[PDB]
Amino acid sequence: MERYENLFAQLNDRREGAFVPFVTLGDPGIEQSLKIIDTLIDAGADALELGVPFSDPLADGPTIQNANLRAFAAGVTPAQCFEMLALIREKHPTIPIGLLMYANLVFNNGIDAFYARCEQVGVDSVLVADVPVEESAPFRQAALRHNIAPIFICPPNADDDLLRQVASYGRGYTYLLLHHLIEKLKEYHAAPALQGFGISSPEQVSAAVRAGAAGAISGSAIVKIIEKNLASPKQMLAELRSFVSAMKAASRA
Amino acid sequence: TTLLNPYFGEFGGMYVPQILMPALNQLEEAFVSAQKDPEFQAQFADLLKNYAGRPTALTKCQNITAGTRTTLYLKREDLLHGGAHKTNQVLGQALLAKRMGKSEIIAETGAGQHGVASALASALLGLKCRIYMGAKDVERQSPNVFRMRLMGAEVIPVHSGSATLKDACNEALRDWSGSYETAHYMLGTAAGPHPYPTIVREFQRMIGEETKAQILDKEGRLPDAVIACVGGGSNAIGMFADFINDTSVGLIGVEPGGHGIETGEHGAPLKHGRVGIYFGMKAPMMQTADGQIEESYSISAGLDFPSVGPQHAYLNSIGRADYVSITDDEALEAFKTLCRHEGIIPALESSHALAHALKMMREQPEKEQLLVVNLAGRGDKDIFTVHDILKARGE
Ligand SMILES: Cc1ncc(COP(=O)(O)O)c(/C=N/[C@@H](CO)C(=O)O)c1O
Ligand SMILES: Nc1ccccc1O
Ligand SMILES: Nc1ccccc1O
Ligand SMILES: [Cl-]
Ligand SMILES: [Cl-]
Ligand SMILES: [Cl-]
Ligand SMILES: [Cl-]
Ligand SMILES: [Cl-]
Ligand SMILES: [Cl-]
Ligand SMILES: [Cl-]
Ligand SMILES: [Cl-]
Ligand SMILES: [Cl-]
Ligand SMILES: [Cl-]
Ligand SMILES: [Cl-]
Ligand SMILES: [Cl-]
Ligand SMILES: [Cs+]
Ligand SMILES: [Cs+]
């Protein structure tokens, strides 16, 4: 989890927030996805949130549900995801890499084995979307044992008990789904908050930083560019370039 | 933080996104309150009796056990309003919704019985009902879909994923996480996240309570076993519950064997799946070696759930209940046998349970034994399927 520590200190020295794109690993294919991700980093992504294709992604809406479907139709397995992740880490030694998992994939081959494999390939953090704080202990413990940050979601309907829980057990960053809630997270020494779930234009990146968040995560908006350009890889990579550079530029203010 | 233990041993839990935890906590508190509230219990009993037709009969089979020392009773949930046991617990959950001030119902259904049950309960109690159903199921069960719409419910076909019960379950959860201030998610079996396995059992336990009183009245003793099919686990746990501390009474749950366990085309995760975490619970599942959820095949649509309630996995693990499987063809043979011998057309789901009682009596015909089969629904809905099968085989 050191990479998040290092990233946020660097961004603080540059007086910047973090811009973090999300994509589904293997969407639309393995080689395509690897090229997408390198274009994201090249265009100025500060960290990456990477989804592992899963049969029933509950917490995910329509655009990512189709990204998940495209990676499924490409035969991308968890094992191939681990191989992709190792290569991504080997290309990009400092960028923080966070996984978006569902509980059954983490549980499937042993929880501790899963986080051990994450450690081996260079993953920095794991958010398990269908594990609440109240169920998180075995995942948290396996994560920390393998130097993985456990990411907790701080939802809109959070209350003060949850804020204290999230601040106590989370590492790396807090996944923030308003101005008062960031205040309490800071007072509670929570991991720096990244706002997600709404970030689709530069104004929203600037808004999140202005609100006191450490940055913003953009999901659907990134994946929509992939869907919109599935027939033109060159156009896809060009639009991702322009979109990410713009969103990152917005985190300076 | 919960009032009740969310686990049955190693099984169960509340594996939902954080956004849904307040909805689950609200529901648990409302249930615990309702259980201590005589006014809730009176309204529930009033509905169960005067609207749904309880108590249901306990029928002694007259012909089917001829030539054996088995006595076989059928718990007649097929006579309940709606034609299946699903009606019991939707009435209780509908009252919980009203207790919580909710005016809308969200429901999932695969075969359509729980959807129809949700819709009729919402019509009676004045709740706006929306039902999610995999589009494949919507095409396959147009009669139950029409029943739901007749009763005013909105039926929402789900095309995501496999367009079956799994994806319907997921869509209902997405909706609830946004609407739970006014809507209640009426989960239709004894599975999913806590508190649902506990609530559905408690709102089905009148099955076994009645059976116990009736069998004592009629035979002067408890059954040697009570037998029930296991799709998600609600009719079985409803029959089992009041006998769990009567350790002389066998508890036998019957999963669908489909085309045969060795074919892989079955619905028997408790005995032939692998524990996983999905649909909010830690429980045995049909899954791939890579951890993707698979489908439950059965001739009977209602046994289509790819997992099982956590209390059944727990009761199995400790040896309190035994679980077996019954194939499509055995279930069909029991269906035909009950029709001809007792004048009762059983649901193909419950025909799996009858098939296992028939195996018990035929394998050991001089064994003296007192068996109760939970007849969890009537098989009117199945006669077109049975017709097309018998015709395909030139019968
Ligand atoms: C007539 C009948 N018998 C048994 C079961 C089995 O359900 P439990 O194990 O008792 O909970 C069902 C289930 N039906 C669900 C799934 O399709 C549904 O309607 O949506 C059923 O319709
Ligand atoms: N507010 C809240 C509190 C506890 C768990 C989940 C929550 O959303
Ligand atoms: N016959 C019937 C079947 C399902 C629901 C209500 C009904 O009256
Ligand atoms: Cl880097
Ligand atoms: Cl484990
Ligand atoms: Cl666990
Ligand atoms: Cl911390
Ligand atoms: Cl156990
Ligand atoms: Cl009481
Ligand atoms: Cl006995
Ligand atoms: Cl099926
Ligand atoms: Cl128990
Ligand atoms: Cl025991
Ligand atoms: Cl068969
Ligand atoms: Cl006909
Ligand atoms: Cs007999
Ligand atoms: Cs099943």
# chains A, B, ... in the order shown; residues from 1 in each chain; ligands from 1
$ select_by_dssp --residues "region 138-240 of chain A" --states "alpha helix (DSSP H)" --output "MDAnalysis selection string"
chainID A and resid 138:145 160:169 179:187 202:210 220:228 233:240
$ write_last_selection --atoms "C-alpha atoms" --output "PDB file, in the first residue's frame"
ATOM      1  CA  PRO A 138     -11.206 -12.024   7.114  1.00  0.00           C
ATOM      2  CA  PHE A 139     -10.645  -9.969   3.945  1.00  0.00           C
ATOM      3  CA  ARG A 140      -9.004  -7.090   5.832  1.00  0.00           C
ATOM      4  CA  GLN A 141      -6.679  -9.492   7.657  1.00  0.00           C
ATOM      5  CA  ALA A 142      -5.596 -11.353   4.518  1.00  0.00           C
ATOM      6  CA  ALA A 143      -5.103  -8.020   2.731  1.00  0.00           C
ATOM      7  CA  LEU A 144      -2.902  -6.486   5.429  1.00  0.00           C
ATOM      8  CA  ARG A 145      -0.908  -9.733   5.784  1.00  0.00           C
ATOM      9  CA  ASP A 160     -20.925   8.369  12.366  1.00  0.00           C
ATOM     10  CA  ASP A 161     -20.340   4.751  13.407  1.00  0.00           C
ATOM     11  CA  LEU A 162     -19.568   3.873   9.789  1.00  0.00           C
ATOM     12  CA  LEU A 163     -17.248   6.863   9.324  1.00  0.00           C
ATOM     13  CA  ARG A 164     -15.228   5.733  12.344  1.00  0.00           C
ATOM     14  CA  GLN A 165     -15.190   2.135  11.103  1.00  0.00           C
ATOM     15  CA  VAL A 166     -14.074   3.161   7.613  1.00  0.00           C
ATOM     16  CA  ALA A 167     -11.414   5.469   9.031  1.00  0.00           C
ATOM     17  CA  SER A 168     -10.113   2.755  11.368  1.00  0.00           C
ATOM     18  CA  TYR A 169      -9.922  -0.214   9.016  1.00  0.00           C
ATOM     19  CA  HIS A 179     -18.469  18.479   2.529  1.00  0.00           C
ATOM     20  CA  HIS A 180     -19.229  17.515   6.131  1.00  0.00           C
ATOM     21  CA  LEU A 181     -18.401  13.853   5.452  1.00  0.00           C
ATOM     22  CA  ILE A 182     -14.922  14.642   4.127  1.00  0.00           C
ATOM     23  CA  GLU A 183     -14.362  16.785   7.228  1.00  0.00           C
ATOM     24  CA  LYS A 184     -15.121  13.843   9.522  1.00  0.00           C
ATOM     25  CA  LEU A 185     -13.011  11.434   7.484  1.00  0.00           C
ATOM     26  CA  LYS A 186     -10.097  13.856   7.892  1.00  0.00           C
ATOM     27  CA  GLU A 187     -10.790  14.356  11.609  1.00  0.00           C
ATOM     28  CA  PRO A 202     -13.586  17.907 -15.689  1.00  0.00           C
ATOM     29  CA  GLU A 203     -15.852  20.148 -13.601  1.00  0.00           C
ATOM     30  CA  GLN A 204     -16.638  17.249 -11.291  1.00  0.00           C
ATOM     31  CA  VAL A 205     -12.950  16.426 -10.779  1.00  0.00           C
ATOM     32  CA  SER A 206     -12.290  20.031  -9.795  1.00  0.00           C
ATOM     33  CA  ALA A 207     -15.377  20.005  -7.565  1.00  0.00           C
ATOM     34  CA  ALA A 208     -14.203  16.930  -5.656  1.00  0.00           C
ATOM     35  CA  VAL A 209     -10.756  18.411  -4.995  1.00  0.00           C
ATOM     36  CA  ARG A 210     -12.328  21.734  -4.014  1.00  0.00           C
ATOM     37  CA  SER A 220     -18.625   4.594 -16.722  1.00  0.00           C
ATOM     38  CA  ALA A 221     -17.304   7.697 -18.512  1.00  0.00           C
ATOM     39  CA  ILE A 222     -14.049   5.910 -19.368  1.00  0.00           C
ATOM     40  CA  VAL A 223     -15.778   2.657 -20.345  1.00  0.00           C
ATOM     41  CA  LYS A 224     -18.305   4.569 -22.491  1.00  0.00           C
ATOM     42  CA  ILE A 225     -15.401   5.730 -24.666  1.00  0.00           C
ATOM     43  CA  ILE A 226     -14.385   2.076 -25.078  1.00  0.00           C
ATOM     44  CA  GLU A 227     -17.915   1.035 -26.053  1.00  0.00           C
ATOM     45  CA  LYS A 228     -18.407   4.013 -28.381  1.00  0.00           C
ATOM     46  CA  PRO A 233      -9.106   1.139 -31.780  1.00  0.00           C
ATOM     47  CA  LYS A 234      -7.095   4.159 -32.954  1.00  0.00           C
ATOM     48  CA  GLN A 235     -10.071   6.444 -32.388  1.00  0.00           C
ATOM     49  CA  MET A 236     -10.727   4.784 -29.018  1.00  0.00           C
ATOM     50  CA  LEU A 237      -7.160   5.403 -27.841  1.00  0.00           C
ATOM     51  CA  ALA A 238      -7.289   8.994 -29.122  1.00  0.00           C
ATOM     52  CA  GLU A 239     -10.515   9.748 -27.251  1.00  0.00           C
ATOM     53  CA  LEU A 240      -9.199   8.130 -24.067  1.00  0.00           C
TER      54      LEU A 240
END
$ residues_near_ligand --ligand "ligand 10" --cutoff "6 Å" --atoms "only C-alpha atoms and all ligand atoms" --output "ChimeraX atom specification"
/B:222-224,248-249
$ residues_around --residues "residue 264 (chain B)" --least-positions-apart "3" --cutoff "12 Å" --atoms "only C-alpha atoms" --output "list in words"
residues 256, 257, 258, 259, 260, 261, 267, 268, 269, 272, 273, 286, 287, 288, 294, 295, 296, 297, 298 and 327 of chain B
$ write_last_selection --atoms "N, CA and C atoms" --output "PDB file, in the first residue's frame"
ATOM      1  N   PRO B 256     -32.936 -31.249  -6.506  1.00  0.00           N
ATOM      2  CA  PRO B 256     -33.131 -31.764  -7.869  1.00  0.00           C
ATOM      3  C   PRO B 256     -31.847 -32.354  -8.433  1.00  0.00           C
ATOM      4  N   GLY B 257     -31.937 -33.614  -8.861  1.00  0.00           N
ATOM      5  CA  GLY B 257     -30.850 -34.284  -9.530  1.00  0.00           C
ATOM      6  C   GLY B 257     -30.838 -34.073 -11.022  1.00  0.00           C
ATOM      7  N   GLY B 258     -31.894 -33.476 -11.563  1.00  0.00           N
ATOM      8  CA  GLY B 258     -31.907 -33.140 -12.987  1.00  0.00           C
ATOM      9  C   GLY B 258     -31.766 -34.369 -13.867  1.00  0.00           C
ATOM     10  N   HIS B 259     -30.792 -34.311 -14.768  1.00  0.00           N
ATOM     11  CA  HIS B 259     -30.496 -35.435 -15.642  1.00  0.00           C
ATOM     12  C   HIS B 259     -29.557 -36.449 -15.011  1.00  0.00           C
ATOM     13  N   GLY B 260     -29.191 -36.261 -13.743  1.00  0.00           N
ATOM     14  CA  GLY B 260     -28.273 -37.148 -13.057  1.00  0.00           C
ATOM     15  C   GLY B 260     -27.101 -36.363 -12.513  1.00  0.00           C
ATOM     16  N   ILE B 261     -26.708 -36.615 -11.259  1.00  0.00           N
ATOM     17  CA  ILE B 261     -25.633 -35.822 -10.671  1.00  0.00           C
ATOM     18  C   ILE B 261     -24.386 -35.903 -11.539  1.00  0.00           C
ATOM     19  N   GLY B 267     -29.485 -29.514  -9.797  1.00  0.00           N
ATOM     20  CA  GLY B 267     -29.675 -28.358  -8.953  1.00  0.00           C
ATOM     21  C   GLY B 267     -29.348 -28.687  -7.520  1.00  0.00           C
ATOM     22  N   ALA B 268     -28.284 -29.445  -7.293  1.00  0.00           N
ATOM     23  CA  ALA B 268     -28.006 -29.995  -5.971  1.00  0.00           C
ATOM     24  C   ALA B 268     -26.696 -29.436  -5.424  1.00  0.00           C
ATOM     25  N   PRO B 269     -26.640 -28.130  -5.136  1.00  0.00           N
ATOM     26  CA  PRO B 269     -25.384 -27.579  -4.625  1.00  0.00           C
ATOM     27  C   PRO B 269     -25.075 -28.026  -3.213  1.00  0.00           C
ATOM     28  N   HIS B 272     -23.514 -31.415  -3.890  1.00  0.00           N
ATOM     29  CA  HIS B 272     -22.645 -31.617  -5.044  1.00  0.00           C
ATOM     30  C   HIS B 272     -22.096 -30.311  -5.595  1.00  0.00           C
ATOM     31  N   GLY B 273     -22.268 -29.202  -4.895  1.00  0.00           N
ATOM     32  CA  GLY B 273     -21.652 -27.955  -5.278  1.00  0.00           C
ATOM     33  C   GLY B 273     -20.412 -27.678  -4.464  1.00  0.00           C
ATOM     34  N   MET B 286     -23.655 -23.862  -7.050  1.00  0.00           N
ATOM     35  CA  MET B 286     -23.184 -24.350  -8.338  1.00  0.00           C
ATOM     36  C   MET B 286     -22.226 -23.300  -8.888  1.00  0.00           C
ATOM     37  N   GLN B 287     -20.959 -23.653  -9.066  1.00  0.00           N
ATOM     38  CA  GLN B 287     -20.021 -22.689  -9.633  1.00  0.00           C
ATOM     39  C   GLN B 287     -18.949 -23.400 -10.450  1.00  0.00           C
ATOM     40  N   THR B 288     -18.298 -22.628 -11.322  1.00  0.00           N
ATOM     41  CA  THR B 288     -17.163 -23.122 -12.084  1.00  0.00           C
ATOM     42  C   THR B 288     -15.927 -23.213 -11.195  1.00  0.00           C
ATOM     43  N   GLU B 294     -22.952 -20.863 -11.728  1.00  0.00           N
ATOM     44  CA  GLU B 294     -23.579 -21.657 -12.777  1.00  0.00           C
ATOM     45  C   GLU B 294     -25.088 -21.746 -12.542  1.00  0.00           C
ATOM     46  N   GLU B 295     -25.779 -22.427 -13.454  1.00  0.00           N
ATOM     47  CA  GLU B 295     -27.231 -22.534 -13.388  1.00  0.00           C
ATOM     48  C   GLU B 295     -27.666 -23.868 -12.784  1.00  0.00           C
ATOM     49  N   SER B 296     -28.805 -23.837 -12.093  1.00  0.00           N
ATOM     50  CA  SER B 296     -29.433 -25.033 -11.541  1.00  0.00           C
ATOM     51  C   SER B 296     -30.404 -25.599 -12.572  1.00  0.00           C
ATOM     52  N   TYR B 297     -30.087 -26.772 -13.135  1.00  0.00           N
ATOM     53  CA  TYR B 297     -31.036 -27.422 -14.024  1.00  0.00           C
ATOM     54  C   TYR B 297     -31.956 -28.345 -13.234  1.00  0.00           C
ATOM     55  N   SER B 298     -33.246 -28.259 -13.529  1.00  0.00           N
ATOM     56  CA  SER B 298     -34.218 -29.242 -13.076  1.00  0.00           C
ATOM     57  C   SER B 298     -35.383 -29.185 -14.049  1.00  0.00           C
ATOM     58  N   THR B 327     -33.939 -37.473  -9.439  1.00  0.00           N
ATOM     59  CA  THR B 327     -33.775 -37.044 -10.816  1.00  0.00           C
ATOM     60  C   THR B 327     -35.109 -36.634 -11.446  1.00  0.00           C
TER      61      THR B 327
END
$ closest_atom_pairs --of "chain A" --to "chain B" --cutoff "9 Å" --atoms "only C-alpha atoms" --output "CSV"
residue,atom,partner,partner_atom,distance
A:54,CA,B:292,CA,6.5
A:55,CA,B:292,CA,5.5
A:56,CA,B:167,CA,7.1
A:57,CA,B:170,CA,8.1
A:58,CA,B:170,CA,5.5
A:59,CA,B:17,CA,6.9
A:60,CA,B:174,CA,8.7
A:61,CA,B:174,CA,8.4
A:62,CA,B:160,CA,8.9
A:65,CA,B:160,CA,8.0
A:66,CA,B:160,CA,8.9
A:69,CA,B:161,CA,7.7
A:77,CA,B:290,CA,7.4
A:78,CA,B:290,CA,6.9
A:79,CA,B:290,CA,8.5
A:102,CA,B:278,CA,8.6
A:103,CA,B:277,CA,6.0
A:104,CA,B:277,CA,4.7
A:105,CA,B:291,CA,5.4
A:106,CA,B:291,CA,8.7
A:107,CA,B:276,CA,6.7
A:108,CA,B:291,CA,5.3
A:109,CA,B:290,CA,8.1
A:128,CA,B:17,CA,8.7
A:129,CA,B:17,CA,5.7
A:130,CA,B:17,CA,4.4
A:131,CA,B:15,CA,5.1
A:132,CA,B:18,CA,4.8
A:133,CA,B:18,CA,7.1
A:134,CA,B:1,CA,6.9
A:135,CA,B:15,CA,6.9
A:152,CA,B:18,CA,8.7
A:153,CA,B:18,CA,6.8
A:154,CA,B:18,CA,7.7
A:155,CA,B:19,CA,5.9
A:156,CA,B:19,CA,7.8
A:157,CA,B:19,CA,7.0
A:158,CA,B:19,CA,8.1
$ residues_around --residues "residue 127 (chain A)" --least-positions-apart "5" --cutoff "9 Å" --atoms "only C-alpha atoms" --output "PyMOL selection string"
chain A and resi 98-102+149-153+175
$ write_last_selection --atoms "N, CA, C and O atoms" --output "compact mmCIF listing (two decimals), in the first residue's frame"
# COMPACT_ATOMS: atom_id res chain seq x y z
N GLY A 98 -5.42 -0.67 -7.96
CA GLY A 98 -6.50 -1.17 -7.11
C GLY A 98 -7.41 -2.08 -7.90
O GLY A 98 -7.74 -1.81 -9.06
N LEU A 99 -7.82 -3.18 -7.27
CA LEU A 99 -8.75 -4.12 -7.88
C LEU A 99 -10.15 -3.89 -7.33
O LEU A 99 -10.32 -3.55 -6.16
N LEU A 100 -11.14 -4.06 -8.20
CA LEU A 100 -12.54 -4.14 -7.81
C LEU A 100 -12.97 -5.60 -7.95
O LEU A 100 -13.11 -6.10 -9.07
N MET A 101 -13.16 -6.28 -6.82
CA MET A 101 -13.47 -7.70 -6.80
C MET A 101 -14.90 -7.92 -6.31
O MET A 101 -15.50 -7.06 -5.67
N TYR A 102 -15.44 -9.10 -6.62
CA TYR A 102 -16.58 -9.62 -5.89
C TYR A 102 -16.14 -10.77 -4.99
O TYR A 102 -15.16 -11.46 -5.27
N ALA A 149 -3.79 -2.87 0.66
CA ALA A 149 -4.74 -1.98 1.32
C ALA A 149 -6.18 -2.47 1.13
O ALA A 149 -6.63 -2.67 0.00
N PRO A 150 -6.95 -2.63 2.21
CA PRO A 150 -8.38 -2.90 2.04
C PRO A 150 -9.16 -1.61 1.85
O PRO A 150 -9.09 -0.69 2.68
N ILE A 151 -9.89 -1.51 0.75
CA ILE A 151 -10.63 -0.30 0.43
C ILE A 151 -12.07 -0.46 0.91
O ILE A 151 -12.74 -1.44 0.56
N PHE A 152 -12.54 0.49 1.71
CA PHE A 152 -13.94 0.54 2.11
C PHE A 152 -14.70 1.62 1.37
O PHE A 152 -14.18 2.71 1.11
N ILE A 153 -15.96 1.31 1.04
CA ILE A 153 -16.88 2.28 0.47
C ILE A 153 -17.54 3.08 1.58
O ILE A 153 -18.11 2.51 2.52
N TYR A 175 -13.12 5.04 -0.51
CA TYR A 175 -13.93 5.13 -1.72
C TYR A 175 -15.20 5.88 -1.34
O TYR A 175 -16.11 5.33 -0.72
$ residues_near_ligand --ligand "ligand 12" --cutoff "8 Å" --atoms "only C-alpha atoms and all ligand atoms" --output "number ranges by chain"
B: 8, 244, 311-312, 314-315
$ residues_around --residues "region 190-199 of chain B" --least-positions-apart "3" --cutoff "9 Å" --atoms "only C-alpha atoms" --output "PyMOL selection string"
chain B and resi 4-7+12-16+24-25+27-28+31+89+92-93+187+202-204+232-235+237+278-283+307-311
$ write_last_selection --atoms "N, CA and C atoms" --output "mmCIF file, in the first residue's frame"
data_model
loop_
_atom_site.group_PDB
_atom_site.id
_atom_site.type_symbol
_atom_site.label_atom_id
_atom_site.label_comp_id
_atom_site.auth_asym_id
_atom_site.auth_seq_id
_atom_site.Cartn_x
_atom_site.Cartn_y
_atom_site.Cartn_z
ATOM 1 N N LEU B 4 -29.357 -10.111 15.849
ATOM 2 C CA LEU B 4 -29.308 -11.559 15.767
ATOM 3 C C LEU B 4 -28.013 -11.983 15.081
ATOM 4 N N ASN B 5 -27.564 -13.194 15.387
ATOM 5 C CA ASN B 5 -26.394 -13.755 14.718
ATOM 6 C C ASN B 5 -26.740 -13.942 13.249
ATOM 7 N N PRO B 6 -26.004 -13.351 12.310
ATOM 8 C CA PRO B 6 -26.336 -13.555 10.896
ATOM 9 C C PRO B 6 -25.893 -14.896 10.334
ATOM 10 N N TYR B 7 -25.187 -15.709 11.106
ATOM 11 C CA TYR B 7 -24.658 -16.971 10.617
ATOM 12 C C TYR B 7 -25.388 -18.146 11.241
ATOM 13 N N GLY B 12 -23.967 -18.345 5.883
ATOM 14 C CA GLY B 12 -24.889 -17.225 5.906
ATOM 15 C C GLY B 12 -24.187 -15.885 5.809
ATOM 16 N N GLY B 13 -24.456 -14.996 6.754
ATOM 17 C CA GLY B 13 -23.850 -13.684 6.745
ATOM 18 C C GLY B 13 -24.672 -12.672 5.967
ATOM 19 N N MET B 14 -24.065 -11.484 5.785
ATOM 20 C CA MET B 14 -24.703 -10.373 5.084
ATOM 21 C C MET B 14 -23.718 -9.815 4.071
ATOM 22 N N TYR B 15 -23.611 -10.478 2.927
ATOM 23 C CA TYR B 15 -22.607 -10.125 1.925
ATOM 24 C C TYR B 15 -23.236 -9.246 0.846
ATOM 25 N N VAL B 16 -23.447 -7.996 1.234
ATOM 26 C CA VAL B 16 -24.089 -7.006 0.374
ATOM 27 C C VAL B 16 -23.211 -5.765 0.350
ATOM 28 N N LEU B 24 -30.981 -3.754 5.531
ATOM 29 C CA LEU B 24 -31.019 -5.026 6.249
ATOM 30 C C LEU B 24 -31.206 -4.814 7.743
ATOM 31 N N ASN B 25 -30.509 -3.827 8.315
ATOM 32 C CA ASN B 25 -30.665 -3.534 9.737
ATOM 33 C C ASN B 25 -32.088 -3.101 10.053
ATOM 34 N N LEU B 27 -34.802 -3.910 8.452
ATOM 35 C CA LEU B 27 -35.643 -5.088 8.335
ATOM 36 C C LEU B 27 -35.479 -6.019 9.529
ATOM 37 N N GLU B 28 -34.239 -6.229 9.993
ATOM 38 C CA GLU B 28 -34.039 -7.088 11.162
ATOM 39 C C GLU B 28 -34.726 -6.514 12.397
ATOM 40 N N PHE B 31 -38.490 -6.960 12.113
ATOM 41 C CA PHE B 31 -38.871 -8.353 12.330
ATOM 42 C C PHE B 31 -38.815 -8.702 13.813
ATOM 43 N N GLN B 89 -45.412 -16.731 3.632
ATOM 44 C CA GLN B 89 -44.400 -15.797 4.098
ATOM 45 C C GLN B 89 -44.489 -14.455 3.390
ATOM 46 N N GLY B 92 -46.620 -12.431 5.690
ATOM 47 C CA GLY B 92 -45.863 -11.870 6.801
ATOM 48 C C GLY B 92 -44.933 -10.752 6.367
ATOM 49 N N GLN B 93 -44.224 -10.944 5.237
ATOM 50 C CA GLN B 93 -43.318 -9.901 4.754
ATOM 51 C C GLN B 93 -44.068 -8.653 4.298
ATOM 52 N N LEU B 187 -37.980 -11.029 -0.614
ATOM 53 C CA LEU B 187 -37.190 -12.173 -1.050
ATOM 54 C C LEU B 187 -37.983 -13.468 -0.856
ATOM 55 N N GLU B 202 -39.219 -18.285 9.897
ATOM 56 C CA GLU B 202 -40.242 -17.973 10.891
ATOM 57 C C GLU B 202 -41.621 -17.729 10.269
ATOM 58 N N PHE B 203 -41.687 -17.211 9.046
ATOM 59 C CA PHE B 203 -42.962 -16.972 8.378
ATOM 60 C C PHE B 203 -43.434 -18.195 7.570
ATOM 61 N N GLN B 204 -42.681 -19.290 7.612
ATOM 62 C CA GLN B 204 -43.101 -20.578 7.068
ATOM 63 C C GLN B 204 -43.232 -21.660 8.136
ATOM 64 N N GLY B 232 -34.640 -23.208 -2.764
ATOM 65 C CA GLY B 232 -33.844 -22.272 -2.003
ATOM 66 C C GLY B 232 -33.935 -22.640 -0.537
ATOM 67 N N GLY B 233 -34.978 -23.374 -0.159
ATOM 68 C CA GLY B 233 -35.043 -23.955 1.189
ATOM 69 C C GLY B 233 -36.242 -23.535 2.030
ATOM 70 N N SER B 234 -37.192 -22.747 1.513
ATOM 71 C CA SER B 234 -38.206 -22.176 2.394
ATOM 72 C C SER B 234 -39.281 -23.190 2.792
ATOM 73 N N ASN B 235 -39.817 -23.984 1.868
ATOM 74 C CA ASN B 235 -40.866 -24.931 2.311
ATOM 75 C C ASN B 235 -40.282 -25.994 3.244
ATOM 76 N N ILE B 237 -37.424 -25.730 5.196
ATOM 77 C CA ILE B 237 -37.177 -25.198 6.535
ATOM 78 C C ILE B 237 -38.490 -24.885 7.243
ATOM 79 N N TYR B 278 -22.200 -15.540 -2.650
ATOM 80 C CA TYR B 278 -23.002 -14.954 -3.710
ATOM 81 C C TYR B 278 -24.425 -14.807 -3.188
ATOM 82 N N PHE B 279 -25.175 -13.900 -3.807
ATOM 83 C CA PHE B 279 -26.529 -13.551 -3.367
ATOM 84 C C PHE B 279 -26.564 -13.195 -1.884
ATOM 85 N N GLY B 280 -25.521 -12.515 -1.405
ATOM 86 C CA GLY B 280 -25.500 -12.028 -0.038
ATOM 87 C C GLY B 280 -25.183 -13.051 1.033
ATOM 88 N N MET B 281 -24.759 -14.258 0.675
ATOM 89 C CA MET B 281 -24.604 -15.291 1.701
ATOM 90 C C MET B 281 -23.422 -16.184 1.383
ATOM 91 N N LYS B 282 -22.854 -16.782 2.429
ATOM 92 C CA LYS B 282 -21.890 -17.858 2.279
ATOM 93 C C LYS B 282 -22.648 -19.175 2.365
ATOM 94 N N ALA B 283 -22.653 -19.942 1.281
ATOM 95 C CA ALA B 283 -23.467 -21.148 1.193
ATOM 96 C C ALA B 283 -22.975 -21.982 0.021
ATOM 97 N N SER B 307 -28.203 -22.192 -5.589
ATOM 98 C CA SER B 307 -27.562 -22.269 -4.286
ATOM 99 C C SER B 307 -28.589 -22.875 -3.331
ATOM 100 N N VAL B 308 -28.394 -22.691 -2.021
ATOM 101 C CA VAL B 308 -29.325 -23.208 -1.022
ATOM 102 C C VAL B 308 -29.238 -22.326 0.215
ATOM 103 N N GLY B 309 -30.332 -22.274 0.974
ATOM 104 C CA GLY B 309 -30.341 -21.529 2.213
ATOM 105 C C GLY B 309 -29.255 -21.977 3.176
ATOM 106 N N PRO B 310 -28.657 -21.014 3.901
ATOM 107 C CA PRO B 310 -27.539 -21.345 4.809
ATOM 108 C C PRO B 310 -27.934 -22.224 5.984
ATOM 109 N N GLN B 311 -29.194 -22.180 6.438
ATOM 110 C CA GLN B 311 -29.547 -23.054 7.552
ATOM 111 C C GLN B 311 -29.562 -24.517 7.134
#
$ residues_around --residues "region 50-67 of chain B" --least-positions-apart "6" --cutoff "6 Å" --atoms "only C-alpha atoms" --output "PyMOL selection string"
chain B and resi 73-76+80-81+341
$ write_last_selection --atoms "N, CA, C and O atoms" --output "short mmCIF file (atom, residue, chain, number, x, y, z; two decimals), in the first residue's frame"
data_model
loop_
_atom_site.label_atom_id
_atom_site.label_comp_id
_atom_site.auth_asym_id
_atom_site.auth_seq_id
_atom_site.Cartn_x
_atom_site.Cartn_y
_atom_site.Cartn_z
N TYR B 73 -48.27 -39.41 5.12
CA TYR B 73 -49.13 -38.24 5.12
C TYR B 73 -48.54 -37.16 4.24
O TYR B 73 -47.32 -37.04 4.16
N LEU B 74 -49.42 -36.36 3.63
CA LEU B 74 -49.07 -35.21 2.81
C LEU B 74 -49.53 -33.94 3.51
O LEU B 74 -50.71 -33.80 3.88
N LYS B 75 -48.61 -32.99 3.70
CA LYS B 75 -48.99 -31.71 4.27
C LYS B 75 -49.45 -30.87 3.08
O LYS B 75 -48.66 -30.63 2.18
N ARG B 76 -50.71 -30.44 3.09
CA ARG B 76 -51.38 -29.99 1.87
C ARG B 76 -51.24 -28.47 1.67
O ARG B 76 -52.23 -27.74 1.60
N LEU B 80 -53.42 -24.12 -0.13
CA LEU B 80 -53.30 -22.72 0.27
C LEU B 80 -53.65 -21.79 -0.90
O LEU B 80 -53.42 -22.12 -2.08
N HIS B 81 -54.21 -20.62 -0.59
CA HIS B 81 -54.49 -19.63 -1.63
C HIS B 81 -53.22 -19.36 -2.43
O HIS B 81 -52.16 -19.13 -1.86
N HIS B 341 -53.10 -42.72 -7.77
CA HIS B 341 -53.34 -43.41 -6.51
C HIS B 341 -54.12 -42.57 -5.52
O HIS B 341 -54.83 -43.13 -4.69
#
